[PDB]
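Visitor: One structure, as structure tokens, below. Some questions next.
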Amino acid sequence: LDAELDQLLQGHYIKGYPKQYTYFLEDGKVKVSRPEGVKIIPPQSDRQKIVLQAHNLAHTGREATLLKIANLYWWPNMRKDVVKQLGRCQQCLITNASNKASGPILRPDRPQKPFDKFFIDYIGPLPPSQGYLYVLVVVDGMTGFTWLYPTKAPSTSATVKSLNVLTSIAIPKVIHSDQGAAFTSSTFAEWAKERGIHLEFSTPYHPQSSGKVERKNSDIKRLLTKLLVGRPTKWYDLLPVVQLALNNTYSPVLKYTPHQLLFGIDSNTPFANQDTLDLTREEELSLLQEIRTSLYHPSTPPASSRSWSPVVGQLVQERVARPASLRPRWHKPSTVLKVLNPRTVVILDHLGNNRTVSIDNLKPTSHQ
Amino acid sequence: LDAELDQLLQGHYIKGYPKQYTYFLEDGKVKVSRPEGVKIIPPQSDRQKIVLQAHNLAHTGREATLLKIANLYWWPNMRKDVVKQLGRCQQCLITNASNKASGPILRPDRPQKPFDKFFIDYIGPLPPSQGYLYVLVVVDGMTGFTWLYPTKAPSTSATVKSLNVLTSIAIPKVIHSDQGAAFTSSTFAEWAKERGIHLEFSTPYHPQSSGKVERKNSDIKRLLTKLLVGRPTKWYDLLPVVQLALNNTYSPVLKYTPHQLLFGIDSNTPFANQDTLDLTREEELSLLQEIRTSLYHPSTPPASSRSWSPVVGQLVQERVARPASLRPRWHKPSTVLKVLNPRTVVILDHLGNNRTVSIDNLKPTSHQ
Amino acid sequence: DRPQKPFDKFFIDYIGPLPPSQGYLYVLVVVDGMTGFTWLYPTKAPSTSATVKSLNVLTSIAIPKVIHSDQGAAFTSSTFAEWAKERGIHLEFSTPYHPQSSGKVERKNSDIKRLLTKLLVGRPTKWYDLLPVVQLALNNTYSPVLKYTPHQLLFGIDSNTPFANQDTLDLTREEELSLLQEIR
Amino acid sequence: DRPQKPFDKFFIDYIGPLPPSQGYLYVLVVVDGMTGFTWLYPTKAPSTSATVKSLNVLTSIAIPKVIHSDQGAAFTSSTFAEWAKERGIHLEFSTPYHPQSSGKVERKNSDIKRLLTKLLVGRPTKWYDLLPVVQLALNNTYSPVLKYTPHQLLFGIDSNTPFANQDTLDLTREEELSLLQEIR
DNA sequence: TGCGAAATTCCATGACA
DNA sequence: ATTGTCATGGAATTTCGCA
DNA sequence: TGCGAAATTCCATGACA
DNA sequence: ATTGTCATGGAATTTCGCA
Ligand SMILES: CC(C)n1c(C(=O)N(C)C)c2c(c(O)c1=O)C(=O)N(Cc1ccc(F)c(Cl)c1)CC2
Ligand SMILES: CC(C)n1c(C(=O)N(C)C)c2c(c(O)c1=O)C(=O)N(Cc1ccc(F)c(Cl)c1)CC2
Ligand SMILES: [Mg+2]
Ligand SMILES: [Mg+2]
Ligand SMILES: [Mg+2]
Ligand SMILES: [Mg+2]
Ligand SMILES: [N+]
Ligand SMILES: [N+]
Ligand SMILES: [Zn+2]
Ligand SMILES: [Zn+2]
């Protein structure tokens, strides 16, 4: 501070202050003649305060803070002190956006069998139709085969009623859902245990995780829309038609309809495929097994040129879910306990709770 | 139809039906033995009906429609008849999404002078502060210099009151705004004409068009948020501080604060730049003129590998603005009258009105 | 002649009246001919209407080429014939008083009655809730003749609920004395 | 010694009372020393409070190093001194009864009074609405001494509202007879 | 053993609000 | 304790029909 | 006339709801 | 009759201090 700057004035060399510039005194302060002009060299004991005053004017990041400081001062390695501060500004850390994108999405393996995994989700509220406002959508993971049930609410009770009817047909090993009130209730957990079904939940606020059913919602809404063009939106009576229509629609990449993957043969619907007419059922199911295993499976896309991947013990911040007007979009920093996979992590949140969280709902805390 | 298929059965060659396959009769219908199997060749007079029945099952696109048809039929150039139909399905055309992105954004030239162009916009509603709920934001195009005014509504009357106060300082040639109720009212048009100010409007529902002011809203909300961390959102009293803070913040790419571009010299604010201390004002303004013209200007980015650009007389569809639940996201097709620039067009909308519209709010009608 | 397949033939029939359960009185029974797969729908009446309402659920999953039934009123009505025609389903009737199905089906229908009877005793009023489990049972029941269960034939996979316990299906002596007591 | 610059010195002063306009009675007048740029703020009183309220608007646009004023009550109060100190503005007072500004400023302040007087006659009650145009005028008025208008010196550009009509600024004989009549 | 055209496959785009 | 998906329709590539 | 480190410039990312 | 923008903080590149 005052010691360092003294040795300097009397012409000695101090590590960090380049020798070729003349360091004088004037108005009671140590100055220096840099190419840009004459800047005050404050004593180290003042530097934190200066960086902070600069930063606080508009809570600026690295360069915009430096440029304020540089107007009056110079010292060795200014940006280091600037960055030190940015890393300690609570307000900056919880308010700024990220500028690093998530690593490339995983493409989970397709469930191996029909009924291995259900994905379920609600659609709505829709325009009242027969007193119904929602649709329970159940999509078999492997086949894409889909069941639709109209409901009056996205409630556990309505979920349970619908799934009793569905599971008359078969019982799935696993049901995957998002964290909607309906699926996370203890009543629903019971209902599942009662049947030996494992409940599997998406990381919260990350519907891509229910992507199988979500994507089917799109088709359901799309077809419903087309069928209701120029008519009043009376959808309740179309659910069955829509279901049947979708279950029997070809996926151009697979070359199969979900019905075909589920049953290995078309039922009595229009344009039924006849290719296995001469095979015995047993020859048919044998061929179905081979078709099921040989389906196209997409791969993880290339990482964007500026992505981040979670590392154990990294400081990261979880996105606030429903941030109020003029309130920070991020929670305070927290630590990566476990890296479940490159896109899913467990974090200890300073409260501290364990939360299993999508990397998409995280940013890495800046400036370490 | 029945004529064509006759000549064929009796072993003659008809253009389009390849010679090397045997075309017989069976159950009163013309059949053929193709590698895939035996398919019925319907009479041309039946083909439109067949394509339509297939398509209508789930209103499927090209391949998914073809695969249904191929199950039972074959004829020459099936997809041609399929595509013909897709192009005529009202419901498909107004309900499906686009799969072609907009051409690359324009980067308009920076206004040449302060006061050449204002961009204005409202922010809010915010949490009530002193009975105020909105903020009028006025951003000078060239400088980025910004004025803020709290309002009780995004109303013309409040716009007029604020701008009388602002235009005490100078009068702008042009004020650019979006199509908010406040800016499109005839009262506001009068107020502008009265002062020789030209009103310039964004194509509707395309805020990127007010990008200069929009982007400033972000900074305004961001700083307000930080300043209100852990306090009640009492923003009214901070507007002045925020204004001053932002107007004096460096843009790292320009190396100037908006204040500097506006005045060519810092006022008495913290960390004022002193570099022009020894220049006369006139030397200063001379240097300001040179700084103003030499500012970085970005260029139009590369086109995405699957973009479209409007062509005069093309069939295009305008996105529905506030589409109701289960209703189409697109209006019926309409024609490009004029290509104002590669990102802005005039269309005749079958009503038919002239609408000036952003290419972002259009898709090109499929299948011509 | 082409081999037998699922969805070639649904055999439908009513069972009831039964004691009131959640306001229901009958069970429409659908058995797929080839697979022996069974679907059960509770109705309030053996009417064309209740049949159409119920078959609309099933036929929104899979459509049979042929429905076979006896000459029950509900199945011989012209409404039901119109319904079937719309969906391109051929209707097929056994001659009156002489019901013919298939061995596989007859046996299935037998199991259904007996299995019902067994569970409706003790709780003659809670059967509505048990229809799902009654079906799972029926469908994961191993076929003596074919090496497989209906589930297996339908879906081409093992089920996640196998019924390794091939049950008594007969009335235990406790139940005969309280079945000759219930209907008294 | 360094050349004179905008924001080096604001000269502030009140003008009033005037007739009620939208409930306002005074005008706080701020003139930038170097440029001669003028800002006008209507107040309801020549108080420290109304001064602070008004200067808070201006100083949220640009902050003077020095405010010069006479020894008006509102400017000599310790509240006003506290206010200035917060913003690092030095306060500067002309000795009582002997107001010194600068030539440029004195002339400016003269134009302001005369220009006001001219427009408040005929409409002594509509002046509030005219303050914006009064300022545009003052600021796009060519300086005899410097080759430029205040706008030009402030912003370094021509204005979009030049006032090529250098006006009479004097009371026409119609107005002297209805100004000696208005205040009667 | 190579041509022109049809068929099939590729794959960016966008929406599950 | 978990994880995107896939219809879509122009363009790119392969296959087909013929020689 | 070349090194290591600091400084500056680049630029994808995301939000103006 | 009109049209995206730019703070941000790691990484990439250039400049600086010294020799
Ligand atoms: C009710 C909660 C748990 N929930 C929520 C929710 O978080 N909120 C706040 C409504 C959503 C959805 C739910 O299904 C859902 O149950 C939902 O589908 N999308 C649409 C969407 C958007 C982007 C995508 F990539 C995908 Cl696949 C789907 C919005 C949010
Ligand atoms: C009131 C209308 C005309 N309006 C609307 C509007 O169209 N609706 C329906 C609210 C919007 C905005 C207005 O300012 C505005 O005035 C507005 O800023 N954004 C935020 C946004 C989103 C993406 C971007 F790229 C940019 Cl630049 C800004 C949302 C829509
Ligand atoms: Mg969803
Ligand atoms: Mg906006
Ligand atoms: Mg019967
Ligand atoms: Mg005075
Ligand atoms: N997996
Ligand atoms: N331009
Ligand atoms: Zn900060
Ligand atoms: Zn269609």
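Here's how to read the names in the structure tokens: chain A, B, ... by the order shown, residue numbers from 1 in each chain, ligand numbers from 1 in the order shown.
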Env of range 9-11 of chain E: 9 Å cut, atoms = only C-alpha atoms (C1' of nucleotides), seq-sep filter 6 positions within chain, self excluded. Answer as a list in words.
Guide: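 Near neighbours after the sequence-gap exclusion: residues 253 of chain A; 11, 12, 13 and 14 of chain F.
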Visitor: Store the residues picked out above in a file with N, CA and C atoms (P, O5', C5', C4', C3', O3' and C1' of nucleotides), as a PDB file, in the first residue's frame.
Guide:
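And here's out.pdb as it stands now:
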ATOM      1  N   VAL A 253     -39.921 -42.108 -40.172  1.00  0.00           N
ATOM      2  CA  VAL A 253     -38.558 -42.599 -39.927  1.00  0.00           C
ATOM      3  C   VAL A 253     -38.573 -44.083 -39.538  1.00  0.00           C
TER       4      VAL A 253
ATOM      5  P    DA F  11     -35.665 -27.165 -52.470  1.00  0.00           P
ATOM      6  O5'  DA F  11     -34.350 -27.653 -51.715  1.00  0.00           O
ATOM      7  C5'  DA F  11     -34.377 -28.344 -50.536  1.00  0.00           C
ATOM      8  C4'  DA F  11     -33.001 -28.940 -50.353  1.00  0.00           C
ATOM      9  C3'  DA F  11     -32.115 -29.067 -51.587  1.00  0.00           C
ATOM     10  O3'  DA F  11     -30.803 -29.196 -51.031  1.00  0.00           O
ATOM     11  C1'  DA F  11     -32.979 -31.192 -51.013  1.00  0.00           C
ATOM     12  P    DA F  12     -29.498 -29.686 -51.822  1.00  0.00           P
ATOM     13  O5'  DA F  12     -29.365 -31.248 -51.507  1.00  0.00           O
ATOM     14  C5'  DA F  12     -29.201 -31.610 -50.140  1.00  0.00           C
ATOM     15  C4'  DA F  12     -28.742 -33.049 -49.982  1.00  0.00           C
ATOM     16  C3'  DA F  12     -27.683 -33.487 -50.959  1.00  0.00           C
ATOM     17  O3'  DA F  12     -26.811 -34.306 -50.217  1.00  0.00           O
ATOM     18  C1'  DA F  12     -29.666 -34.810 -51.278  1.00  0.00           C
ATOM     19  P    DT F  13     -25.768 -35.275 -50.953  1.00  0.00           P
ATOM     20  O5'  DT F  13     -26.607 -36.628 -51.141  1.00  0.00           O
ATOM     21  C5'  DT F  13     -26.765 -37.572 -50.108  1.00  0.00           C
ATOM     22  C4'  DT F  13     -27.474 -38.784 -50.676  1.00  0.00           C
ATOM     23  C3'  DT F  13     -26.642 -39.599 -51.653  1.00  0.00           C
ATOM     24  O3'  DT F  13     -26.408 -40.828 -50.975  1.00  0.00           O
ATOM     25  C1'  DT F  13     -28.881 -39.336 -52.442  1.00  0.00           C
ATOM     26  P    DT F  14     -25.833 -42.136 -51.698  1.00  0.00           P
ATOM     27  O5'  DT F  14     -27.162 -42.865 -52.173  1.00  0.00           O
ATOM     28  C5'  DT F  14     -27.985 -43.439 -51.200  1.00  0.00           C
ATOM     29  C4'  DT F  14     -29.107 -44.120 -51.942  1.00  0.00           C
ATOM     30  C3'  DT F  14     -28.581 -45.237 -52.808  1.00  0.00           C
ATOM     31  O3'  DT F  14     -29.287 -46.334 -52.331  1.00  0.00           O
ATOM     32  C1'  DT F  14     -30.083 -43.839 -54.057  1.00  0.00           C
TER      33       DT F  14
END
Visitor: So that I can see what lies close to residue 3 in chain F, please list as a PyMOL selection string the residues with an atom at most 9 Å from it, counting only C-alpha atoms (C1' of nucleotides) and leaving out residues fewer than 5 positions away in the same chain.
Guide: chain A and resi 105-108+202+209+341-344
Visitor: Could you tell me which residues of chain B sit within 8 Å of chain G when counting only C-alpha atoms (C1' of nucleotides), and give me the result as a ChimeraX atom specification?
Guide: /B:211,214-218
Visitor: Tell me which protein, DNA and RNA residues are within 7 Å of range 8-16 of chain C, counting only C-alpha atoms (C1' of nucleotides), leaving out same-chain ones fewer than 4 positions away, and put them as a ChimeraX atom specification.
Guide: /C:25-33,46,64-69
Visitor: Could you dump the residues just selected with N, CA, C and O atoms as a PDB file, in the first residue's frame?
Guide:
ATOM      1  N   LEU C  25     -74.947 -53.376 -13.876  1.00  0.00           N
ATOM      2  CA  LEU C  25     -75.688 -54.636 -13.769  1.00  0.00           C
ATOM      3  C   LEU C  25     -75.214 -55.758 -14.685  1.00  0.00           C
ATOM      4  O   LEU C  25     -75.484 -56.922 -14.410  1.00  0.00           O
ATOM      5  N   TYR C  26     -74.551 -55.421 -15.785  1.00  0.00           N
ATOM      6  CA  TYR C  26     -74.160 -56.426 -16.760  1.00  0.00           C
ATOM      7  C   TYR C  26     -72.680 -56.301 -17.127  1.00  0.00           C
ATOM      8  O   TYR C  26     -72.022 -55.321 -16.783  1.00  0.00           O
ATOM      9  N   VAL C  27     -72.149 -57.308 -17.807  1.00  0.00           N
ATOM     10  CA  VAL C  27     -70.813 -57.223 -18.322  1.00  0.00           C
ATOM     11  C   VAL C  27     -70.923 -57.601 -19.765  1.00  0.00           C
ATOM     12  O   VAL C  27     -71.435 -58.667 -20.079  1.00  0.00           O
ATOM     13  N   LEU C  28     -70.480 -56.725 -20.656  1.00  0.00           N
ATOM     14  CA  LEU C  28     -70.324 -57.114 -22.041  1.00  0.00           C
ATOM     15  C   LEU C  28     -68.972 -57.784 -22.116  1.00  0.00           C
ATOM     16  O   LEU C  28     -68.005 -57.283 -21.561  1.00  0.00           O
ATOM     17  N   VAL C  29     -68.916 -58.934 -22.768  1.00  0.00           N
ATOM     18  CA  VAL C  29     -67.696 -59.721 -22.819  1.00  0.00           C
ATOM     19  C   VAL C  29     -67.233 -59.837 -24.238  1.00  0.00           C
ATOM     20  O   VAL C  29     -68.002 -60.249 -25.138  1.00  0.00           O
ATOM     21  N   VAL C  30     -65.980 -59.463 -24.449  1.00  0.00           N
ATOM     22  CA  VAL C  30     -65.417 -59.540 -25.780  1.00  0.00           C
ATOM     23  C   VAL C  30     -64.200 -60.403 -25.661  1.00  0.00           C
ATOM     24  O   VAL C  30     -63.343 -60.204 -24.762  1.00  0.00           O
ATOM     25  N   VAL C  31     -64.139 -61.379 -26.558  1.00  0.00           N
ATOM     26  CA  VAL C  31     -63.027 -62.291 -26.603  1.00  0.00           C
ATOM     27  C   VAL C  31     -62.533 -62.328 -28.018  1.00  0.00           C
ATOM     28  O   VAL C  31     -63.311 -62.583 -28.969  1.00  0.00           O
ATOM     29  N   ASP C  32     -61.239 -62.070 -28.165  1.00  0.00           N
ATOM     30  CA  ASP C  32     -60.639 -62.188 -29.463  1.00  0.00           C
ATOM     31  C   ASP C  32     -60.491 -63.670 -29.781  1.00  0.00           C
ATOM     32  O   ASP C  32     -59.942 -64.426 -28.981  1.00  0.00           O
ATOM     33  N   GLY C  33     -60.990 -64.066 -30.949  1.00  0.00           N
ATOM     34  CA  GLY C  33     -61.038 -65.463 -31.382  1.00  0.00           C
ATOM     35  C   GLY C  33     -59.681 -66.128 -31.454  1.00  0.00           C
ATOM     36  O   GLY C  33     -59.463 -67.181 -30.848  1.00  0.00           O
ATOM     37  N   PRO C  46     -78.538 -54.608 -21.195  1.00  0.00           N
ATOM     38  CA  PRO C  46     -78.064 -55.324 -22.364  1.00  0.00           C
ATOM     39  C   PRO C  46     -78.660 -54.731 -23.633  1.00  0.00           C
ATOM     40  O   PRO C  46     -79.272 -55.457 -24.423  1.00  0.00           O
ATOM     41  N   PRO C  64     -62.305 -55.183 -35.021  1.00  0.00           N
ATOM     42  CA  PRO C  64     -62.409 -56.546 -35.544  1.00  0.00           C
ATOM     43  C   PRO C  64     -62.992 -56.499 -36.941  1.00  0.00           C
ATOM     44  O   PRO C  64     -63.797 -55.618 -37.220  1.00  0.00           O
ATOM     45  N   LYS C  65     -62.564 -57.409 -37.815  1.00  0.00           N
ATOM     46  CA  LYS C  65     -63.236 -57.618 -39.097  1.00  0.00           C
ATOM     47  C   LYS C  65     -64.663 -58.148 -38.901  1.00  0.00           C
ATOM     48  O   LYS C  65     -65.595 -57.773 -39.611  1.00  0.00           O
ATOM     49  N   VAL C  66     -64.821 -59.037 -37.926  1.00  0.00           N
ATOM     50  CA  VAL C  66     -66.085 -59.706 -37.710  1.00  0.00           C
ATOM     51  C   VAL C  66     -66.389 -59.692 -36.242  1.00  0.00           C
ATOM     52  O   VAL C  66     -65.514 -59.948 -35.410  1.00  0.00           O
ATOM     53  N   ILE C  67     -67.636 -59.369 -35.928  1.00  0.00           N
ATOM     54  CA  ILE C  67     -68.150 -59.624 -34.596  1.00  0.00           C
ATOM     55  C   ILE C  67     -69.104 -60.815 -34.698  1.00  0.00           C
ATOM     56  O   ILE C  67     -70.055 -60.810 -35.493  1.00  0.00           O
ATOM     57  N   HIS C  68     -68.833 -61.847 -33.913  1.00  0.00           N
ATOM     58  CA  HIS C  68     -69.784 -62.932 -33.772  1.00  0.00           C
ATOM     59  C   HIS C  68     -70.579 -62.772 -32.473  1.00  0.00           C
ATOM     60  O   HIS C  68     -70.024 -62.393 -31.437  1.00  0.00           O
ATOM     61  N   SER C  69     -71.879 -63.053 -32.538  1.00  0.00           N
ATOM     62  CA  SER C  69     -72.710 -63.095 -31.325  1.00  0.00           C
ATOM     63  C   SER C  69     -73.898 -64.030 -31.517  1.00  0.00           C
ATOM     64  O   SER C  69     -74.185 -64.462 -32.655  1.00  0.00           O
TER      65      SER C  69
END
Visitor: Which value, in Å to one decimal, gives the distance between CA of residue 111 in chain B and CA of residue 193 in chain B?
Guide: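 Going from CA of residue 111 in chain B over to CA of residue 193 in chain B, I get 20.9 Å.
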Visitor: Enumerate as a PyMOL selection string the residues within 12 Å of ligand 3, counting only C-alpha atoms (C1' of nucleotides) and all ligand atoms.
Guide: (chain A and resi 119-125+134-138+154+177-180+202+205-218+220-221) or (chain E and resi 15-17) or (chain F and resi 4)
Visitor: So which bits of range 4-133 of chain C end up strand (DSSP E or B) when you DSSP the backbone, as a PyMOL selection string?
Guide: chain C and resi 10-15+21+24+26-32+38-43+66-69+90-93
Visitor: Given the selection you just returned, output its residues as a file containing N, CA and C atoms, formatted as an mmCIF file, in the first residue's frame.
Guide:
data_model
loop_
_atom_site.group_PDB
_atom_site.id
_atom_site.type_symbol
_atom_site.label_atom_id
_atom_site.label_comp_id
_atom_site.auth_asym_id
_atom_site.auth_seq_id
_atom_site.Cartn_x
_atom_site.Cartn_y
_atom_site.Cartn_z
ATOM 1 N N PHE C 10 -64.171 -60.955 -33.121
ATOM 2 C CA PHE C 10 -64.473 -60.701 -31.713
ATOM 3 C C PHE C 10 -65.757 -61.443 -31.367
ATOM 4 N N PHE C 11 -65.745 -62.151 -30.257
ATOM 5 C CA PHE C 11 -66.925 -62.837 -29.838
ATOM 6 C C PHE C 11 -67.449 -62.017 -28.692
ATOM 7 N N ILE C 12 -68.677 -61.554 -28.843
ATOM 8 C CA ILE C 12 -69.262 -60.688 -27.827
ATOM 9 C C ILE C 12 -70.478 -61.355 -27.213
ATOM 10 N N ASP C 13 -70.696 -61.086 -25.930
ATOM 11 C CA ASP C 13 -71.866 -61.610 -25.276
ATOM 12 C C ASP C 13 -72.068 -60.865 -23.981
ATOM 13 N N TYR C 14 -73.297 -60.852 -23.472
ATOM 14 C CA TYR C 14 -73.580 -60.232 -22.181
ATOM 15 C C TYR C 14 -73.596 -61.254 -21.069
ATOM 16 N N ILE C 15 -73.413 -60.792 -19.841
ATOM 17 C CA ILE C 15 -73.521 -61.627 -18.663
ATOM 18 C C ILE C 15 -74.231 -60.788 -17.628
ATOM 19 N N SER C 21 -73.510 -52.950 -8.855
ATOM 20 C CA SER C 21 -72.182 -52.469 -8.474
ATOM 21 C C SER C 21 -71.901 -51.120 -9.106
ATOM 22 N N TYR C 24 -73.952 -50.501 -11.898
ATOM 23 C CA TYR C 24 -73.863 -51.379 -13.064
ATOM 24 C C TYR C 24 -74.464 -52.747 -12.803
ATOM 25 N N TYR C 26 -74.551 -55.421 -15.785
ATOM 26 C CA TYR C 26 -74.160 -56.426 -16.760
ATOM 27 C C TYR C 26 -72.680 -56.301 -17.127
ATOM 28 N N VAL C 27 -72.149 -57.308 -17.807
ATOM 29 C CA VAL C 27 -70.813 -57.223 -18.322
ATOM 30 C C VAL C 27 -70.923 -57.601 -19.765
ATOM 31 N N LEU C 28 -70.480 -56.725 -20.656
ATOM 32 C CA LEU C 28 -70.324 -57.114 -22.041
ATOM 33 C C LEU C 28 -68.972 -57.784 -22.116
ATOM 34 N N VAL C 29 -68.916 -58.934 -22.768
ATOM 35 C CA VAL C 29 -67.696 -59.721 -22.819
ATOM 36 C C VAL C 29 -67.233 -59.837 -24.238
ATOM 37 N N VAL C 30 -65.980 -59.463 -24.449
ATOM 38 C CA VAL C 30 -65.417 -59.540 -25.780
ATOM 39 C C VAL C 30 -64.200 -60.403 -25.661
ATOM 40 N N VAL C 31 -64.139 -61.379 -26.558
ATOM 41 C CA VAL C 31 -63.027 -62.291 -26.603
ATOM 42 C C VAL C 31 -62.533 -62.328 -28.018
ATOM 43 N N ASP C 32 -61.239 -62.070 -28.165
ATOM 44 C CA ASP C 32 -60.639 -62.188 -29.463
ATOM 45 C C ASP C 32 -60.491 -63.670 -29.781
ATOM 46 N N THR C 38 -59.281 -61.133 -23.622
ATOM 47 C CA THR C 38 -60.608 -60.772 -23.137
ATOM 48 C C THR C 38 -60.666 -59.329 -22.703
ATOM 49 N N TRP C 39 -61.717 -58.667 -23.178
ATOM 50 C CA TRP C 39 -62.076 -57.357 -22.707
ATOM 51 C C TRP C 39 -63.433 -57.431 -22.050
ATOM 52 N N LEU C 40 -63.556 -56.793 -20.890
ATOM 53 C CA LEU C 40 -64.834 -56.681 -20.185
ATOM 54 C C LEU C 40 -65.358 -55.236 -20.014
ATOM 55 N N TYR C 41 -66.602 -54.973 -20.388
ATOM 56 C CA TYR C 41 -67.180 -53.640 -20.145
ATOM 57 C C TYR C 41 -68.458 -53.747 -19.348
ATOM 58 N N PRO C 42 -68.521 -53.035 -18.211
ATOM 59 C CA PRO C 42 -69.731 -52.991 -17.388
ATOM 60 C C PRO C 42 -70.789 -52.131 -18.069
ATOM 61 N N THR C 43 -72.029 -52.608 -18.139
ATOM 62 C CA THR C 43 -73.119 -51.795 -18.648
ATOM 63 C C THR C 43 -74.280 -51.757 -17.646
ATOM 64 N N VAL C 66 -64.821 -59.037 -37.926
ATOM 65 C CA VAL C 66 -66.085 -59.706 -37.710
ATOM 66 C C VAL C 66 -66.389 -59.692 -36.242
ATOM 67 N N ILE C 67 -67.636 -59.369 -35.928
ATOM 68 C CA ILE C 67 -68.150 -59.624 -34.596
ATOM 69 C C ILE C 67 -69.104 -60.815 -34.698
ATOM 70 N N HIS C 68 -68.833 -61.847 -33.913
ATOM 71 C CA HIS C 68 -69.784 -62.932 -33.772
ATOM 72 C C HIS C 68 -70.579 -62.772 -32.473
ATOM 73 N N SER C 69 -71.879 -63.053 -32.538
ATOM 74 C CA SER C 69 -72.710 -63.095 -31.325
ATOM 75 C C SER C 69 -73.898 -64.030 -31.517
ATOM 76 N N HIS C 90 -68.175 -56.815 -40.348
ATOM 77 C CA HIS C 90 -69.203 -57.791 -40.653
ATOM 78 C C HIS C 90 -69.792 -58.400 -39.383
ATOM 79 N N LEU C 91 -71.119 -58.420 -39.302
ATOM 80 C CA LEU C 91 -71.820 -59.074 -38.185
ATOM 81 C C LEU C 91 -72.157 -60.536 -38.473
ATOM 82 N N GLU C 92 -71.971 -61.377 -37.449
ATOM 83 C CA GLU C 92 -72.136 -62.827 -37.562
ATOM 84 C C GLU C 92 -72.887 -63.434 -36.390
ATOM 85 N N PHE C 93 -73.970 -64.130 -36.736
ATOM 86 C CA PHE C 93 -74.916 -64.672 -35.775
ATOM 87 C C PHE C 93 -74.936 -66.183 -35.738
#
